[PDB]
Structure formats: C-alpha cells, structure tokens
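For reference, the structure discussed in these notes is given below.
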Amino acid sequence: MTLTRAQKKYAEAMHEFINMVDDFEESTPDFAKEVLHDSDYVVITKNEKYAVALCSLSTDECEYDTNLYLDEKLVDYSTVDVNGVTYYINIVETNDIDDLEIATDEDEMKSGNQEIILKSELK
Amino acid sequence: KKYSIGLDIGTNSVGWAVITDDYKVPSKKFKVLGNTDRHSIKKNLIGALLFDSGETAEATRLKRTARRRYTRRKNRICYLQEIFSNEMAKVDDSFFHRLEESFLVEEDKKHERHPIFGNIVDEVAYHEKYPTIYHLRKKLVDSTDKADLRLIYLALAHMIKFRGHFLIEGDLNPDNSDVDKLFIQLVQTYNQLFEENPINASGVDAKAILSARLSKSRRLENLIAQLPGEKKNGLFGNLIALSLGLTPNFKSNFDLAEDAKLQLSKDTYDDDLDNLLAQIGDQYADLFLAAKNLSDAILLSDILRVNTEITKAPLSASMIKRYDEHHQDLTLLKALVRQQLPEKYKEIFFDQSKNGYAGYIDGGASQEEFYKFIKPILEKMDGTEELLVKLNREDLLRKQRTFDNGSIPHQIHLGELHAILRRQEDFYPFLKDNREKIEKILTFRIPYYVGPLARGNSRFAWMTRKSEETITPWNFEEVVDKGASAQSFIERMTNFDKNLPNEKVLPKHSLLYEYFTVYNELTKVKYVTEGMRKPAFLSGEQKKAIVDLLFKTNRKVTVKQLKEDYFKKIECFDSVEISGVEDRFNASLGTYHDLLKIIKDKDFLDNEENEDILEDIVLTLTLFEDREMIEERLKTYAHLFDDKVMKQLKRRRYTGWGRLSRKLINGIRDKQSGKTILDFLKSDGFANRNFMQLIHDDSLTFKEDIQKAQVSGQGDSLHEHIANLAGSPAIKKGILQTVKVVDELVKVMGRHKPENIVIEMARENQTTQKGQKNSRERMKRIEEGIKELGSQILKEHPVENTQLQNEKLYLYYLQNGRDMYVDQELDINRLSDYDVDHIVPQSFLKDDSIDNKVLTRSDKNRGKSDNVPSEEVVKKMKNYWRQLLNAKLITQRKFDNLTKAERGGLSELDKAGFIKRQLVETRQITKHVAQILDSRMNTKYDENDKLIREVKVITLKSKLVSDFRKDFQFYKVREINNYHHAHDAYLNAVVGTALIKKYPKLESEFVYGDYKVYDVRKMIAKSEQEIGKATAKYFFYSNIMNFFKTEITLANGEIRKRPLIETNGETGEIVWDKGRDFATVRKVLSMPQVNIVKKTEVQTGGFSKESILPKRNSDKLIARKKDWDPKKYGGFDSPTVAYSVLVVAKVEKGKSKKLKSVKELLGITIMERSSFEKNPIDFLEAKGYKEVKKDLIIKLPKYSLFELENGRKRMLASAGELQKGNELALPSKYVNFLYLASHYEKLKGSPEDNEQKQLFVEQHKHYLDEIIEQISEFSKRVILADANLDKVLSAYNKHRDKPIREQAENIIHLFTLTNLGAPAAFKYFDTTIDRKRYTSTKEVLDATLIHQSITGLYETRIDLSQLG
RNA sequence: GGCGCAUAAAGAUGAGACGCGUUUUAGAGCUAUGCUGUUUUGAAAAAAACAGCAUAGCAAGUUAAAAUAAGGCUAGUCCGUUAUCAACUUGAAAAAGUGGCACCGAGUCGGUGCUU
C-alpha cells in the first residue's frame, strides 16, 4: 500500500534506471522487502555481478603494508534483460568492522574492471 | 552593538551567520569548560549545523500496523483455541502445547517431536494421507463421516489465520466477481468518461477469453481482436494489459513526458499509480480502480478452476489440482533431465543456491527467477511440449502459498469454513453450538472508524464503549458505541484548513468545491468577438449561462463544445477565439453528473436548498468505507430517496480531501458587497480575478480575514507550533533546529536581540535537479511543435537528449531553424559566435530561463530600446510569431513579452510584476518560519495593541543570493567542504541587510507583519531617471539587484554606471561601500575557521537488521526470543548501537585473572538501552567490568566529536568506527578557479566576460598543482591515508597533461578524500581508489573529547587521557 | 537554480485488512563401501548388527506449527523504529539556569590591550 523509505529510495533509483538505458519489458525484481532495509547501496553493473568494492582498516596506528578488506558485501543480485545485455540490479550491504575479511589479489582487478552504471545510496 | 543574523534552512543543514554594520562577521573569544588546558577559544561567529534528515513517520506506521495485525491474528488463533480446549483436553492432552512449541529444537521441546498426532507413525501417516493442508481441507469439506478433532482444528486454524482480503463487501454475487460484469463495468466507465471514440462491447465474451487457459499476452490480443479495435497499445488495450498482470506503458496513451510503467502485481503499484495520476488529472482513478478490481476478478478466476465437481470447496480443490499437476510435472521434468541432460541435474535439483528447483523449494528463490532460469534449459531439450505453454502462462511447478493469493476474497474461506462446520456439527455437538462463533472469528474486520480497541492507554485510539468488558468479535456490537466512535473518528480524521484553521476542509469531490473549481477556471477565460480587438473576460450572466447550460449537460467540455454550444448556438457567433483554456476545461463537475446519474433528478440538484444534504452525503461517502455506518448516516436521508437509489448511492465511494473549507469559499464575506468567493467568481463585474488574487488582495478584506484566523492556530509550546506546520518532518527538523540556533545565538551576542533575521529556505525538492527528467519534455515540446506546425527540422538536423543541456541548441530548435528577429536562417556550424540574447534584459530582472533567453546572430539585431525591441521589429515578425506560437514551441508569457511594445510599453503594473517576481515569496512554509521567528523574537507589547516589531524577520528568495553569488564571482562548489552552508548564510545576511538599508520602502512586501498599503505605484518612475537625492522613485531599472554593481550593461551596450559608494535616499546613510564591502565579503568567504557542527544524536530506530539469518554458530546474532539461542535457532544480526558509552573499570585479565584497569568504549545497543539506564553500573558489573565508576561514565552518541594530536578531529560513528571530522578550508581564489574550470563550457552568458573568465581559467593553471599540494599537506595531517594519497598523487602526475575541464572535474571528484563524515571511494581519471576505514578506537580514548553546543560556539573539552 | 504556461503548484499525521517473505522444528530419507561400535566359537583378528560419521548413486522436494522487532505494565484483541536529545548546576520529572569586550590579523583560530 504505502512503502518504506528504504524501498522508496530504491523506487526512484530504479526509476532513474528504466528511462535512460532503453525501453524494455519484464521490469521487476523490485525485491524482498526486508533485504532492501539492511543494505546500503543499489548499484547496477553491466553483464556481471557487482564484484565487491574494497577498503582497508588502519589498526592501532601500525597499519600493515596494504592489506585490503571487503567493505561492501553483496547480499542479493537479480538480473534484468535489456534487449541485448544483462544488467545486474544488485543491492549491497556494507560489512561491519569486526567481521572484515582479507580480499585476494583477484578482487583488486575486478573493481577496476567494473562498469558501475548507477550507485544510489539508501540507508 | 547592533547586529543581524542570516539563516540558511535546509533538510540536512542549518546555516547561520552573524553580521554587523560593516558586514564583518564578529570575532569573540569564548570560554571553554571541561578539564583541558585551553581556557579560551577564539571563534568566528559564522558556521553551520549538520544533521541527518528527519525521517517521516510512515515507516513507523507500517511497522505498527504490522505489529497490530500480527497480534490480532494471534488472538484469532487464541480465540479458536480457547473454544476447542475443553474437548481437546478430552481428546489429546498436550496438543495445543505442542503447537505452541512447534518451533523448538528437540532438546528444548519438552514433549514429543511431532506436533500433530504425537508419535512417529501417525504423523507420517498423516503427511502421506494429506500432503498439503488443502488436501485436508478438501477432505473435511467433501466428507460425511467424522474426522479427528485436532485435525479439524488444523483445518479451521488454517482457515482463520490465512483468510483472504475483505475488499469486496457482501457475498460473492456475479456483480463483483464474474468478470463479464467487471469488464462491462470497465466499458461503462470508459464510455462514461470519453464519449468520443466510445468502445462497444456488445459481442465480446470477456469470461471465456480473459479467463480461459492461455498465456497472458495471447489472452490480451484475442480480446482486442473481438472488439473492432483500438490498439494493443491504446488506452483500453493497455488498460486490459494492466488488468491481466503484465506491464503496460501509459506514456503513449495520454502522451506524457516521462516513461510511466504500472504493474499491478508489484509491491509499488499504488504509488506509481498516484504519481501517474498527478500528471493526468484525478478523473481517471475510477478507471484505474476498475482496472485493479477487474484484475483481482481475473486472477481469482485464475486460482479457482474447479467448477465441475462444484461440491462446496472451490479453493481447496483448485490447490490440490495444482499440487497434483506440480507433482506430475516434477516427475516428468526429473525423468526428462536424466534422459537428455545428465549434467545439470545436480545443478537443478540438489543445488539450493542457483535459482534451480532446489533453490525454488529448499533455498530462497522466487517463481519468476526460477522461470527466467529454467526457460533456457527447457527451450533446449528435445521433448518439451506443454512444459513451455504452462511456462508462458506461469503454471508449471507453481506452488500453493504463492504471491497471487492476495486476491482470494474472504467469502471463499467463509464458504468452505461454513461447509466444514456443518459437515462436522452432527458428530461434534460442540460445533453445532459455536458455528456462528467460528464464522464470526473469521469474518470480523475491525472497521476503519473504530480504530484500535484500547482502554485508554493508546495514543491512537478513539474507542468509546457502551459497556466495560473484553471486546471479542462476538460482542463487538454491544460494546462499541458506534455512533460516538464514528463521531470521534470524524473529528480525528478530518483535516484542518491551511488558510482558515480551526475548520474542517471539504472532501475533494464536494459539490460546491466543484462549483469553486469551475469558477476558478472560468474566471480567466477571455473571448474576442469579431470586430472589437479587445480580449474581455466573461461577465456574470454569461458564466451563469454556460454553467447552467454545458457543464450541467456534459462532464468534461472542451473548447470545441464550448464555442459550438455557446458562441455558435447561443451567441450565434461563427468564430470567437478563446484564450485561457488550451483544449479542454481542466475543471469538471464530476460529482454533479455522478449524483445526477445516481438519483435521476436534475431538479433536485438545481435547488440551492439541498446543498447541506448533498454535502453531508458526500462527506459520508468520503469518510466511511463501511456499509453499516453509511446506511445509518443515510437513514436520515432515506426520506427523499426511493430505496433503490439508496442501494445504489451507498455503493458510491470517494477519497481524499479538498484543499479548502466551506467557511472560506461560500463563507466569509466582503463588507462592501456581502459577496463570497463563489459570488465574486460568478459576477465580479468587468475585472474577473482568480482565487489566489482574491486571497492576495490587500484591497479586499479576505487576506485580513485569513489573518483573523491565523492568530488562533498557534500553540504556546514551540514543538506543537512546528508540528502545526505543513511540510516534511525533515524540513520541520530544520525549522526547529534553526529556532534552537537563534535562541542560542542571541544568548551568545550579549543577550541582545538582532536587528534582522533573514531567511531563505529552498528544500523538499523531488525534481531530480532537472538533469535527465527535463530533457525528455524538452524533446516532447520540440517534437509536438514540429508536429503541429508541419515544417521538418529533424529530417535535416536531429540531436538526441544526450546533448540537449546546451541552451543555444534548444533555442535553435524552438525558433524552427529561423530567427525571431530578422527573417534569417541560423547557421548551424557557426552557432559558437551567435551570442545569447535576453528579451527582458539583465538590468530589468536577473533570469536564465528560456522564456527570457533567445538566440540570434548579432548583438543588436534586437533594436535600440531598453524595453522589448521596437515596433518595426514586432510588426514585421508578427506573421511568423503567430505561426510559431500556435504550434506551442514558446510560452504565451514570452509572446506577451514580445508583444509588450505594441501596447505602448512597460506599464506600472508590468514593472510591479517584475519586482514582485524577485522580492516576494509564494511558498507558505517560508512565511510560516518567518511567523515563528518574529512571534518568538518580537514579544514586547506596548500601551497600545501593537507589537513593537523590533527584529524584522525578513524573507529572501534564492535567486538574490544566487546572482550575488554568480555575478560577483562568489562561486559555490558543494563538493569542496561543508562551509558552503555557512557562506550561503553569510550571503543571505549581506543581501538581506543591504536590501533593508537601501530599500526600507519595500519592507511591506518581504518582511512578515502588517506594514503600509503604499504600493509601488509611486516608487518606480513613469519615465526615465529622476532627480538626485530627492527621487520619490526607488529605481526605474526594475531589477532590484543592480545597486551592488558598478557597470549596468543594458541591452544597448551602455555602461549606465551607478555611484561607487552607495547611499540611502531617505536618510543619506551608506548601504554599500563597493570598494571595501566586496573586499569584506570575499574575505569572509575565505575564513579558515567556520563552525561546522555535526549534531550528536542518539540513534533511535530498529533493534537490528531484520533479515532473519539462519542457524549459525556465531556470537554476533541476536536471539529472536529470550529462550531461542541463535546457535540453534538463528536470529537477527547487527544490533544498532544507540550510544557508545565509555567504561573505565577493571576486567579480570591474564591467566591469574588480575583486576587490570581498562578503559574501553563499550557499545550500548537499542535493545539494551532501557536496561542500561535502569541501573548502569549493575549492567556493567553484569557484562564483565568490575569496580565500575558511576561518575566516570561518559555518554558518546553517534557523531560524538573527538580531537586527537595535531588538530586531527574524528567523529565517532559506531562502537569502534570513526569518521572524518575535519573540514578542508580552501581560499576563495581556488574555489572560483574550480567553479570556472569545471563549468568551462556551460557558462551561459555573453562571450565577452566568458572570454574574460576563460582567460582567467587558462592563465591560472598553477592552481591545480597548488590545490593538489594543499590536499596533500592536509591529508598528511588529519586524514593519514598514506597509500591513498600516494595513489592520487601518482594518478595526478600521469594525467597532468589532460585538459583543464576534465582535470578540474576530477579534482572536484578528488575532494572526497577530505570531506566530512564517512570515508568514500571516488573516481579520479581511471584510478578508482579504495577507501580507508578508521577502525582504530584505541587511539581515541587518549584524546580530547569536545562537547560542542547546538551551534558549536560553546565547547566543554573533556580530556580522556586524564581518566584511569 | 528546475518560474517549469507572466498567477502557484500538491503536507504532514492517522485508522483497517489480505498477500507473501524470512527463521526453526515436523514430514522416519534408502542402498553400497570405508572408519568408530558388541558378541560368537573367544586362545589375539575372523561375522552377526545395533547405532554414529564420511564418499558416491538413488528417493522424494509443493505443506503445516511457531515467531515476525527483545519485550513492557497500565494486562489492552493495548503499547514498543516519528519529532525530542552537547555538557554542566538545580529539579523526581517536566522545566529553568550557566560562558566579558574592542582591535590587528589568519590555516581550522592566533595575538595584544582593556575588564575581572
């Protein structure tokens, strides 16, 4: 009926998507609702999943030499098929502080390989 | 010392700035409490308050009504259990106990494991005999022998938990569920609306086509093949498309601008619907509701498919048919995969993670995700027939508990519930006594008017009772005082009027409200008969004739029917051109024709006596949904209506509320004529005004009569007064925080009051900043203009909307590839030298709009007049201008500007318009903020009845600070730092106090109060420049912003230079010292110390993230109940810390468990905050801190600002995560350079000063190296991102030879390393650089805490290293 | 800025109901081999499974119960995510109260003098 701020901000985010790529049918994933709440970003990549962006945590003023960590964390990806390509609408939560893990050397290439069409924040 | 205060109110920011006579912000050494050794901080009295947005209350309303509906459903279950419990304890002892603990692990479960039937064998035999519960339910309906009682409880409890929508009222007659009747109702609605192109549905068979077994789109096109044909993309075709479930696109049917897709089955339908209804007019919402209930009728006949074995269970038989066809297609597809694809069988049926079938059942994956997955690998296989037609119809492998059961009406559950209860009543006399009890547990809906069934303790309830006991659905009738509950419902759920409070508004379809809106449209229609050349508006008897003739005959009347039935038929005129209405009358008497076709009596509705009868009828239909309180609030009106219209008029519904009230339209009267607003809009005489003019007319009494009521709507407390405003709770958070800032700030300045509070507030914006939502309607204007005129341009030079932010190109297209000045063709390759031309110049009003800017070849193809150019220009181009206006490229405003010299020139009312459109402000909420501030700051009454208005709270628009910003190069870049709130506040203060010193004669237009009625007829000259120092006129050049300038560049190249040191005329005091005031302002916009405060709020909100995460062996999870340990049951995760408190106590450290003194930053969640503030040292002893010191606990919310070595400021954001608390001050030369270089093409001005500024860009290329030097010298101090700074230095060095526009835009991207708040990842040229998070929280506790005030002028610097 | 038709748009709060969704348990998973597992004839292993754990192959797979913020006291078929919220001094709480000023300058505010 009336919807939450989290799926209101998603609603203009996909509305900013549906106009400027092409015209298409089969629009909706639109989502599970409880997953839209606890995810910080709605990115949309082209032909691939949002390979997770990454960060580093400086720890007790003796931060070691370039240990990268996955600040984001993909929770749900769902694809829309705009006539030729497969745009991956994917809502991404951040990771908290205590549960960061070390990212491998492949993922540092993937974020530079990406083509972020639209990253729209939503709390 | 006199002073002023400038205020910039926003949603996320309040900017505040204090100025003096000489425009300097002050400089006042402030005392600092606490225990650090800095005892005096010098601070500038400029700054801002930063706070995250005030979230609206409807998310809580969603969660609260969800809590209520879960509690009501649990109590329906408990009602059925307290019925069954006696003879259940006769039959099975702990059955309801086992269903109560069905959730538990076998160790926690203190009975047997199997809920039904107890032991191991009987539960297995139960699931073999009844594989779903619809088998159980389809057995208990279709049986005659007895059944087991707990098994009957399972059936009935599944009936009364999941009971379907109540949305249709009565029973399942074929008038609201047989889709022939629903489709012919939609056709009746469509022909009732249009009546030109009316579609004829005589021979269609909507049941056997729209309900038969087929795919959805194939189901669609058969129907349009039946009727003689509109389109598959017409309105009715897309409307049937909406009615079937597949998305139509309505932008072609109504010819809108943007793409608007309405899917019915989405979870965001009815908001996409009403923001489509905003573009189309709300006469279509009945057509779209007919679409929706036709869709539920179709989809109901899509679930229900059992009609041959019609035996009393049309749902349960349908779901066991769907179970059995699910089962046979599963065996078919499993055998077919192992036949033809031996690989992708483990990836389909054992998968549980990749949208396969095991993801469709065991895992979490949708239906349409599964069909997008399995449509390829079922298109691929060899024998796959009737496993694709039931995929295109969405029915292979379809579940029972799907998303589409939101269309089952509750009467189906009632029908087979009734059947279960009377098949079993012979064996169980227990149910022959309580069958009406059970059906009343099912079909009881707490109505809208009753509300929450509280007993005084709610904040939300208006239940008043006719007894005192527990309201169960049995005795809801003889407990609830329904008349008084409905009356309190009316006074809770009416709405107060905005410009006449303590009054109830009308409903949106009130009959006199429709008279009001028809007169508010007809007051601005002007007709030109053959042979007078004077457009005159309609008179009194002419309006009476047309309203009594054509509005009361047809619903919507267009201009053709207007002229045909009135000027052709009554006035007998062959053609009379009609001005104000474009194609159709926007207002319509929809309520009048609805009530005329309901009660079949025109003579009853033409009476003026029945208006209270009809308004009570419309108010009853608007407020109430319920059949009982509509039939009883119309039993008063059964005296007039012959009992078959009463069962017809009670069906009629409305929604929404009108903007106005009855005491404001036909209510208050003028003392000179006794005429209401409706009486003026019928017969105003010669000069017909509209409603906004009648309430903005200081001549008439009506604005003062509004001011008579605006005194009453003001609570004594501040918070209720702000709650009384109209706006978002974000902007109301901004208003309340700026009042906090004003009181705190006048407490700062010697406890004196200011001389001025200047306000601007431009917020609550949802226009997407007009970057991509605008260019579509730009091309819409272009293409329908070329459609109407018929001369092709995009057969020769097409440009798509990716390039149409260029304004000169758009002006090229709107004048048809020609020039509006001389009959010329604009050369397309040489458009770069063709200058930008205004019509009303930059010395008459500052504007950058299309209705003022035009394009032409030379500078003076225009003429030589400072007005709209000469009569030789406009008479010669009068042929082409009518041809281009009648195609609608350009506005009637711009045509009237280009036909303003033919009527002499600029009148007094014309320049009065040009000074009203820059000085006064039309949105209500800015006037209400001014009302708050001058009602709180000007409070001394005198011996008379007048408030001595000492502090003139004065209102700017945004364009005044905007062109003071752009024209004098005080350039704003948001992305550098958060100082631009405060610098916008300072420019607010400068422009406001300079306009109130130079122009005190206009304080009756933009200061709140009731000042003199002396208008601007005498303060503008009727001719050129007046005499020196005795000029009664203010300025003949109707621009207000001129006196800041030196040059006044006219439209004739002249520099009509104004004096250097400005003075006031009425007193001879200097208002603006051009030699040093711009030096003062540009020095103030280079303050390095500006009070940026992040408001330290305690996080109020949800307990955690609410995705229930499965059984994991972690500690991080939250138990969902107190006895459900997440190591075995799973639960929520990530508790939100409300505030991270500090503990200086002793833990048992080491192997010997020594009480070692620790200082740790403990996190207090929202779940635990109440138990914390109950007894905090008791909880900290419970947590594992010993000898806790109750005085030595300091509360730190989110955004609690610390300060570390060397001026490093880091604001806390979690239990152990920091943020960047430092701002980056940048001198104004660098900010001017970055704004010019990052807007190096889109300057939008004459190329003279654009060449000036472009040479200023190209010569100061050293500024880019200086800025990156400065960001490096900053981030080596207060950011300490070593590797990130080295990445951006190397990436700066590689792209050093790139052009200045791209390099400037990427340095404005580069500033995200140093902004306030959370660290982010930002795209410099290709190096998308990873962020760094500040998770070291052991560096914080040794460092200075600062307790900033609400403006930040008052700091209580607590040092934390001094603690133990 | 986005004055977008010189007019100025429409704003919050609130009541009811369904539908899913998510989580755990219940829907005895079977066969084969390998390991822990106990006897027989025991003078040590040799096998008669009885259970538990791995790896393959098969068997189905749709449903229900519970919960849907922890919970709270006022015990209601109510309430619990909106506004509010810097310290410090009073006050139970609401609420009230607390901080000197000119000038020269500026790198996140400094300095001088005056006054206390």
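Scheme for the structure tokens: letters A, B, ... for chains in order shown; per-chain residue numbers from 1; ligand numbers from 1 in order shown.
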
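Within 9 Å of segment 80-85 of chain A, once only C-alpha atoms (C1' of nucleotides) are used and residues closer than 5 positions along the same chain are dropped, the contacting residues are residues 21, 22, 23, 24, 25, 26, 27, 28, 29, 46 and 47 of chain A.
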
Preceding selection exported with C-alpha atoms as a CSV table (one decimal), in the first residue's frame:
chain,number,residue,atom,x,y,z
A,21,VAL,CA,19.2,2.7,-20.8
A,22,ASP,CA,16.5,1.6,-23.3
A,23,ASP,CA,12.8,0.6,-23.2
A,24,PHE,CA,12.1,-2.9,-22.0
A,25,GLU,CA,9.5,-5.3,-20.6
A,26,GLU,CA,9.9,-7.6,-17.5
A,27,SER,CA,10.9,-4.8,-15.2
A,28,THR,CA,10.6,-6.2,-11.7
A,29,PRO,CA,12.7,-7.9,-9.2
A,46,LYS,CA,26.6,-4.3,-16.9
A,47,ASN,CA,26.7,-8.0,-17.8

Item to check | Exercise answer, chain C residues close to chain B, 6 Å and only C-alpha atoms (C1' of nucleotides), as a VMD selection string | outcome: chain C and resid 2 6 11 to 12 15 to 16 18 to 20 22 to 26 62 to 63 65 to 66 76 to 78 81 to 82 86 to 87 99 107 to 109

Checklist entry - Once you count only C-alpha atoms (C1' of nucleotides), which residues of chain A turn out to be within 9 Å of chain C? Could you give them as a ChimeraX atom specification? => result /A:32-34

Item to check | chain B contacts on chain A, only C-alpha atoms, 7 Å, as a list in words | outcome: residues 1, 4, 5, 19, 34, 35, 38, 54, 55, 56, 57, 58, 59, 60, 97 and 112 of chain A

Using DSSP on the backbone, list every residue of segment 441-559 of chain B that comes out as strand (DSSP E), and give them as a JSON list (two decimals) with C-alpha atoms, in the first residue's frame.
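Contents of out02.json, freshly written:
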[["chain", "number", "residue", "atom", "x", "y", "z"],
["B", 505, "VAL", "CA", -11.86, 21.00, 4.89],
["B", 506, "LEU", "CA", -14.28, 19.87, 2.26],
["B", 507, "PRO", "CA", -13.96, 16.49, 0.60],
["B", 526, "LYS", "CA", -11.36, 35.71, -22.25],
["B", 527, "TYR", "CA", -13.21, 35.91, -25.56],
["B", 528, "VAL", "CA", -12.62, 38.13, -28.61],
["B", 536, "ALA", "CA", -12.55, 40.66, -22.41],
["B", 537, "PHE", "CA", -13.32, 38.05, -19.78]]

Checklist outcome for this item: Nearest to residue 31 of chain C, restricted to only C-alpha atoms (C1' of nucleotides) and choosing among C:72, C:91, C:57, C:100, comes out as C:57

Item to check | Shell around residue 100 of chain A at 10 Å using only C-alpha atoms (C1' of nucleotides), local window under 4 positions removed, as a count of residues only | outcome: 12

Item to check | In segment 1062-1296 of chain B, DSSP alpha helix (DSSP H) residues written as number ranges by chain | outcome: B: 1077-1084, 1169-1174, 1176-1183, 1228-1238, 1247-1259, 1262-1275, 1282-1294

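Omitting residue 954 of chain B and its sequence neighbours fewer than 2 positions away, and counting only C-alpha atoms (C1' of nucleotides), the residues within 8 Å are residues 756, 757, 758, 759, 930, 952, 956, 992, 1006, 1007 and 1008 of chain B.
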
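Close contacts of residue 45 of chain A, defined as residues with an atom at most 7 Å away when counting only C-alpha atoms (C1' of nucleotides), with chain neighbours fewer than 5 positions off set aside, comprise residues 50, 87, 88, 89, 115, 116 and 117 of chain A.
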